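Have a look at the structure below, then the notes.
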Amino acid sequence: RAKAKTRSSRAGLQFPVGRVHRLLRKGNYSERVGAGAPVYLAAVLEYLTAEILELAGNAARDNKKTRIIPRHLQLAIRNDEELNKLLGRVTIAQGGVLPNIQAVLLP
Amino acid sequence: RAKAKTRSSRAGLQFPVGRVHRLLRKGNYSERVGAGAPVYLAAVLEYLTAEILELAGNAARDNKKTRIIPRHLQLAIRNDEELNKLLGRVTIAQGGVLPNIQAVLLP
Amino acid sequence: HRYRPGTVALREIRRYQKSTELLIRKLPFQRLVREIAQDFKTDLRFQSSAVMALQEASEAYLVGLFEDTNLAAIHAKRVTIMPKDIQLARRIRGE
Amino acid sequence: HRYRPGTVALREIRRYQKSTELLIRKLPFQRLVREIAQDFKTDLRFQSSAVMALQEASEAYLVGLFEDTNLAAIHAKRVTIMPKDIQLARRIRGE
Amino acid sequence: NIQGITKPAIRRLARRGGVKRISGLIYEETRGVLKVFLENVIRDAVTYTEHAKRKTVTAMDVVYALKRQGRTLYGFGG
Amino acid sequence: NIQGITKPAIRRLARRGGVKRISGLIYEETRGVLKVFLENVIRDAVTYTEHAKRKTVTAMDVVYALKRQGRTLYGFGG
Amino acid sequence: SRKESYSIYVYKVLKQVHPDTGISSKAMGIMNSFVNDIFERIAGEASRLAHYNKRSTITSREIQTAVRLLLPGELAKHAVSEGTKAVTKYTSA
Amino acid sequence: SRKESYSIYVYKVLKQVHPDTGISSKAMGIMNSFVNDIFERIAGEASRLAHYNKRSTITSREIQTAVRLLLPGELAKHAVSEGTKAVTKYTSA
DNA sequence: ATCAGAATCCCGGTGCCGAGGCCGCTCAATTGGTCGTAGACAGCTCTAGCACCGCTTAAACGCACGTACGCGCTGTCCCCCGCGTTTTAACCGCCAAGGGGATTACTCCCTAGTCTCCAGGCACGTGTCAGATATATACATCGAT
DNA sequence: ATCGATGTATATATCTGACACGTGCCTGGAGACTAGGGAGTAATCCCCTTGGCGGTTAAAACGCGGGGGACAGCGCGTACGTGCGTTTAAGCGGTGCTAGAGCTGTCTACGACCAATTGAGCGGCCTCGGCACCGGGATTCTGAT
């Protein structure tokens with residue numbers, strides 16, 4: 001037979017299309033799962049991951065750090081209106097809060 | 001064969017056990033559905049419906065009415081702390097609100 | 001004869017809290033809905049029940065918001081609701 | 001030398017808003033968790049990570065509530081948070 | 001068209017909300033808030049309609065939009 | 001055990017929340033609020049534990065309780 | 001086109017609890033929506049429980065647990081009582 | 001007992017966007033939770049859409065619509081672009 | 001307290017239209033039987049949760065004192081309420097048209113299912129370097145004069 | 001302004017444990033082929049959405065007078081922030097042991113599936129009684145005196 005070529009490599013993705021497919025079939029979502037659905041889902045997940053990781057790496061570099069920590073992730077998410085809206089009701093462990101003091105409290 | 005005896009009648013219920021079973025099997029909830037699950041669910045649904053209907057009928061009688069309307073349903077739900085909690089994020093069409101005026105506004 | 005300020009307001013509170021009809025005019029609300037929907041998709045039709053559902057939801061939402069606004073005003077030792085009260089209510093609600 | 005009231009408070013705000021460590025003591029929090037859980041089921045064991053998750057959630061919740069309470073205080077032209085402020089915040093949140 | 005939500009209507013809504021006195025800027029604030037709310041709900045309803053390849057927004061579509069935004073409405077088929 | 005949540009701890013939490021001045025009754029109010037929250041979460045977590053026929057409340061159980069109460073927590077396995 | 005609904009059963013229950021009380025069409029629509037909503041909530045919670053415990057079957061235990069998690073206080077207590085009684089009666093034919 | 005996770009893929013993406021930047025175990029756990037959460041949200045929305053339209057198959061259209069409903073603004077726009085590009089490339093082998 | 005006037009509640013009469021009941025039909029639940037498998041139960045392992053002891057030290061706690069802020073009172077003025085008059089457009093009813101939503105029928109291609117294989121991903125192990133800690137220091141900020 | 005105290009940032013050196021890489025294996029994903037049924041497409045029909053006309057009346061707009069409520073200023077007194085000395089228990093590190101989470105094997109009860117039957121539930125039609133609208137008297141309540 002032919003050498004095994006992963007669906008991820010066929011779609012130019014880093015996320016596992018086969019695994020996503022299995023999770024869809026066994027997740028009690030529908031009776032049948034189309035061939036394009038795992039590819040699409042994997043691509044979306046990858047894009048979101050890339051966005052967050054890029055912003056966190058930028059925050060780390062601004063903090064003179066070379067490793068991303070929950071603090072950096074929290075900073076990246078809370079400083080972006082859209083990401084904050086998406087992750088509004090989510091608590092990041094060991095993330096802390098954004099530095100914010102009301103103007104009326106300043107001396 | 002033997003005369004058809006409904007599962008509702010076997011369980012002493014008014015709600016349709018067979019229908020509940022079908023909705024569970026075709027609702028993409030699990031691979032298999034136990035025989036007791038529809039019975040239990042139907043009984044719970046029946047109890048909740050009975051409770052609400054009883055309270056609404058009481059409100060109707062208090063309003064010298066013989067027919068239940070959305071207003072009566074709203075009164076019944078909002079005047080019971082537990083039912084209000086259960087149906088907190090629910091809007092009853094044509095239900096109105098409870099008469100409530102803050103004490104500080106009174107003459 | 002002139003009723004003192006507040007009497008008619010309280011009478012209106014009681015009347016509208018006892019009644020259940022929709023308080024926004026149907027035709028203007030419908031026009032608003034259609035104008036807003038125009039920005040998303042053109043040549044859109046609308047079921048009567050769709051418009052009615054929208055109206056019911058909007059009115060319920062606004063009543064709830066006015067309730068929270070009133071609470072904020074009273075908290076600030078005022079009896080008049082103001083934009084700062086609406087803003088506070090919405091901010092705390094997460095909107 | 002004595003810093004004027006407010007200076008050390010603002011310094012503490014800056015420090016704790018810049019830091020991320022948990023602010024409640026672990027052992028007392030654990031005891032509280034176990035005492036509360038005792039009323040639901042006896043001879044209950046607890047994973048260390050379970051207790052840590054509870055602590056993280058509780059602290060986040062309380063910080064958010066204090067933020068809303070502060071907003072209420074400023075709304076009432078005050079700089080001191082009070083129980084009435086907590087109550088208003090919680091009521092508006094739907095709790 | 002937003003002006004069709006007249007001041008008396010907003011006053012009536014406030015009365016149902018238990019409000020006794022109203023500032024003059026409340027009407028404009030309310031109009032803005034209502035516009036935003038409507039925009040969100042209509043957006044989602046239209047998305048559902050387009051997915052169904054329909055040209056008519058249905059009550060069911062509206063209901064679904066409200067449900068997914070945590071504002072469940074009873075009385076219009078779900 | 002509720003007294004273990006000392007006044008300094010509540011003050012620290014308020015400081016993270018941006019509070020500059022604190023009334024003396026805040027500590028008791030906060031203790032009550034925390035107790036209620038904890039009770040709800042622990043109740044649900046214990047329900048999950050009992051359903052699993054387990055004798056140990058797990059982090060997963062806690063995560064699920066928070067998730068179903070609309071307080072999704074990241075970092076503890078979901 | 002046949003459109004199923006819970007009207008008939010809600011009416012039976014109404015006639016049991018209030019023999020002389022009727023119901024409007026609007027209120028009937030409200031009841032139908034309510035029943036559907038509660039059904040979804042319970043079934044979804046049971047599904048999650050099953051998945052969490054790596055089980056493929058939704059049983060009466062899952063339904064009971066879902067009820068305890070969703071219904072507050074005495075609502076849950078009485079609903080559990082009702083469900084258990086019904087299951088027992090059914091199992092005894 | 002093997003426990004699957006998205007660590008490898010998250011790390012790969014990190015190495016693509018920031019070749020000299022690493023990641024802590026805690027942050028990796030956060031990312032894993034994030035991926036799982038988003039997965040669930042999208043899959044559930046697609047399932048609902050399918051059920052609403054009396055369809056038994058979850059397709060790329062359902063995924064796309066779910067993404068549009070959940071992701072706000074340009075997040076949605078770019079995610080849709082990515083998904084479409086990926087699907088096209090896959091379909092062209 | 002009184003009294004007049006304005007608003008709401010209640011009581012009775014008439015009508016009308018929507019809820020309740022009945023009937024035909026049809027398709028979805030029931031019954032009876034078979035078969036695979038999943039989960040209930042027994043038993044064994046070994047992980048980690050609980051209990052304890054001891055030392056240390058950092059955090060909590062109690063108290064003294066000063067001052068900034070909460071709160072009550074007073075005055076002012078402005079702007080919202082309440083009511084009378086004019087205008088306008090919402091609503092109801094009635095009619096016309098057409099477009100699109102729901103239905104049915106035919107087809108075909110797209111996905112589940114099975115088998116065989118093999119490579120990717122995941123426990124285990126390791127080493128080395130980023131960050132935590134400690135110390136000295138520089139620097140900016142707060143406060144009293 | 002200004003200088004002094006003082007906390008906080010910043011710069012450098014040691015260590016250390018946690019993360020990034022390698023390895024072996026095994027099981028889940030890929031290649032290949034099959035059937036069958038779900039979804040796509042095309043025609044039809046009818047219902048329900050859109051558009052227009054007219055009247056008429058209820059609701060909205062506008063003007064105006066005034067009163068009461070927002071808001072600013074001021075005084076006071078007390079409660080809370082800051083600092084310091086004392087004490088208390090939290091934390092860390094080691095060690096123990098046993099309960100219970102977790103895995104494997106076996107087998108039996110139980111739920112999927114399938115065909116025939118039939119009766120429960122839905123669509124449609126009809127009618128009568130609950131409720132709504134109108135009108136008029138009774139009661140309540142408000143404000144000026």
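Naming convention: chains lettered A, B, ... in sequence-line order (proteins, then strands); numbering from 1 in each chain. Below, each value reflects all heavy atoms present in this structure, side chains not excepted, and no hydrogens, waters or symmetry copies.
Comparing I/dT111, J/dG69, J/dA30 by their nearest atom to the side chain of A/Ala35 picks out I/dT111. When the nucleotides I/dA29, I/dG70, J/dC103 are ranked by their closest atom to the side chain of D/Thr80, I/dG70 comes out on top. Checked against J/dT82, I/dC122, I/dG32, the side chain of D/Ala9 finds its nearest nucleotide in J/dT82. Residue B/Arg19 places its side chain closer to I/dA29 than to any other of J/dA70, J/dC131, I/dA29.
Dashed line: the shortest gap from a side-chain N or O of C/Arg45 to OP1 or OP2 of I/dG99 is not under 4.0 Å.
Considering only residues two or more places apart in sequence or on other chains, B/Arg19 meets the salt bridge (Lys or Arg N to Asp or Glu O under 4.0 Å) condition with G/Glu4. Scored by the salt bridge (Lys or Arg N to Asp or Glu O under 4.0 Å) test, C/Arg4 finds no partners at all (sequence neighbours excluded). Not counting sequence neighbours, the partners of E/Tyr48 by the ring-ring contact (aromatic ring centres under 6.0 Å, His included) test are E/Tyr64. B/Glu31 pairs by the salt bridge (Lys or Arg N to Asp or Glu O under 4.0 Å) definition with nothing, not counting sequence neighbours. In this structure C/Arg78 satisfies the salt bridge (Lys or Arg N to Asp or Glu O under 4.0 Å) test together with C/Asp85, sequence neighbours excluded.
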Distances under 3.5 Å only, N/O to N/O: pair up the protein atoms with those of nucleotides 16-20 of chain I.
{"residue": "I/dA19", "atom": "OP1", "partner": "G/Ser25", "partner atom": "N", "Å": "3.2"}
{"residue": "I/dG20", "atom": "OP1", "partner": "G/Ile23", "partner atom": "N", "Å": "3.3"}
{"residue": "I/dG20", "atom": "OP2", "partner": "G/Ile23", "partner atom": "O", "Å": "3.1"}
{"residue": "I/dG20", "atom": "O5'", "partner": "G/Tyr11", "partner atom": "OH", "Å": "3.3"}

Which atoms of nucleotides 114-120 of chain I (N or O only) lie under 3.5 Å from a protein N or O atom, and what are those distances?
{"residue": "I/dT116", "atom": "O2", "partner": "A/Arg1", "partner atom": "NH1", "Å": "3.3"}

Give me, pair by pair, the N or O atoms of the protein and of nucleotides 88-94 of chain I that are less than 3.5 Å apart, along with how far apart they are.
{"residue": "I/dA90", "atom": "OP1", "partner": "C/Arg31", "partner atom": "NH2", "Å": "3.3"}
{"residue": "I/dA90", "atom": "OP2", "partner": "C/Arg31", "partner atom": "NH1", "Å": "3.0"}
{"residue": "I/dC91", "atom": "OP1", "partner": "C/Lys26", "partner atom": "N", "Å": "3.4"}
{"residue": "I/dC91", "atom": "OP2", "partner": "C/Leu27", "partner atom": "N", "Å": "3.1"}

Under 3.5 Å, which protein N or O atoms sit close to an N or O of nucleotides 36-43 of chain I? Give each pair with its distance.
{"residue": "I/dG39", "atom": "OP1", "partner": "G/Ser56", "partner atom": "OG", "Å": "2.7"}
{"residue": "I/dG39", "atom": "OP1", "partner": "G/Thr57", "partner atom": "OG1", "Å": "2.9"}

Considering only nitrogen or oxygen atoms on both sides, find all protein atoms under 3.5 Å from nucleotides 137-145 of chain J and state each distance.
{"residue": "J/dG143", "atom": "OP1", "partner": "C/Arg4", "partner atom": "N", "Å": "3.0"}
{"residue": "J/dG143", "atom": "OP1", "partner": "C/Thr7", "partner atom": "OG1", "Å": "2.8"}

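For D/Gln38 and D/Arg34, the side-chain atoms include no donor-acceptor pair closer than 3.5 Å.
Within the 4.0 angstrom heavy-atom criterion, only backbone atoms of the sugar-phosphate kind lie near D/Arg34; the bases stay farther away. Contact annotation for C/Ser48: backbone-only contact, meaning every heavy-atom pair under 4.0 Å involves sugar-phosphate atoms and none involves a base. Contacts of A/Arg25 with the nucleic acid, taken as non-hydrogen atoms under 4.0 Å apart, are absent.
Direction change of the helix axis from one end of the helix from I/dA1-J/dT145 to I/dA136-J/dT10 to the other is 140°, with five pairs defining each end axis (rounded to 10°).
In the region residues 6-14 of chain F, proximity to DNA chain J at under 4.0 angstrom, judged on heavy atoms, holds for F/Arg11.
The separation of I/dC61 from I/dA138, taken at their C1' atoms, amounts to 36 Å, rounded to a whole angstrom.
Under the 4.5 Å side-chain criterion, counting only non-hydrogen atoms from C-beta, F/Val19 is not in contact with D/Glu12.
Taking the six-membered ring where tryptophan is involved, the planes of B/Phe15 and G/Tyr9 are tilted, since the angle between them lies from 30° to 60°.
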